[PDB]
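Take a look at the structure below.
A short reminder: the numbers here are calculations on the coordinates, not readings from a lab. A quick note on method: Cβ atoms are made from the backbone with ideal geometry, for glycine too, and the neighbour counts reach across all protein chains shown.
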């Protein structure tokens, strides 16, 4: 019986650049575990980071920057989030638009991180 | 304020092969919605399957995911072996999002790395 996703690994070109984006835009918090590895903490989950040329094993069969397509749920009014994104100088790929969430309908806004990963920020 | 991951999209070579793996091994349940869209559900989250908009570089086998199980991890190891699935690594202690976990690693049909763990 699987309960939830605990974490996932993003392979990126530059960890510093990735960290700045997730902290400043999404509000995540960067930490260092296993002495020298980086992760981004949010809620009760996390995203571990692997930089190209120094990806820890085992890893995906085809580690690829910009191959992620993730949806994050926000408790912030989605229109306020839209405004926050524009004020941060981030381009809106699409949205706000209605989508199907895991447990119901959500309003989603899409942006991209430094590596091209698609980030869907949504409110139920 | 971001609360959690709701879902993510996996780009795969064959939806049917992918669904069978996640249903038979991980116990996920496949569903259809809207334009004959397919997804795998578990807990209060889901994984959408693509065989726009999307990732800048949709790539099969590029996922590295960790799922939490409430099933005794050693029983999970046995289930995996009985299913004829190769164990990449584990059981081994690893760092979870909120503490130590015991993890077992396997791969799905596309080569995605799947970490199944218990706190």
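Residue count for region A:42-64, restricted to those that are facing chain B (nearest Cβ under 7 Å) and touching a strand residue (DSSP E or B) at 6+ places or on another chain (Cβ under 7 Å): 10.
Select from region B:65-88 the residues that are more than 16 Å from residue A:58 (Cα to Cα) and at the interface with chain A (Cβ under 7 Å from one of its Cβ atoms) and list them in ascending order. Matches in region B:65-88: B:68, B:69, B:70, B:71.
The residue that is nearest to residue A:56 (Cα to Cα), counting only those in region B:96-105 that are at the interface with another protein chain (Cβ under 10 Å from one of its Cβ atoms) and crowded, with 17+ Cβ neighbours inside 10 Å, is B:105. Filtered by the rule that a residue be touching a strand residue (DSSP E or B) at 6+ places or on another chain (Cβ under 7 Å) and under 18 Å from residue B:22 (Cβ atoms), region B:65-76 gives B:65, B:66, B:67, B:68, B:69, B:70, B:76. Looking at region B:1-17 only, could you name the residues that are crowded, with 21+ Cβ neighbours inside 10 Å and in a helix (DSSP H, G or I)? Scanning region B:1-17 gives no hits.
Going through (1) over 15 Å from the mean Cα position of the chain (by Cα); (2) surrounded by fewer than 22 Cβ atoms within 10 Å (Cβ to Cβ) one by one, residue A:27 falls short only on (1).
Residue A:21 meets each of the listed conditions (1) more than 8 Å from chain B (Cβ to nearest Cβ); (2) surrounded by fewer than 16 Cβ atoms within 10 Å (Cβ to Cβ) apart from (2).
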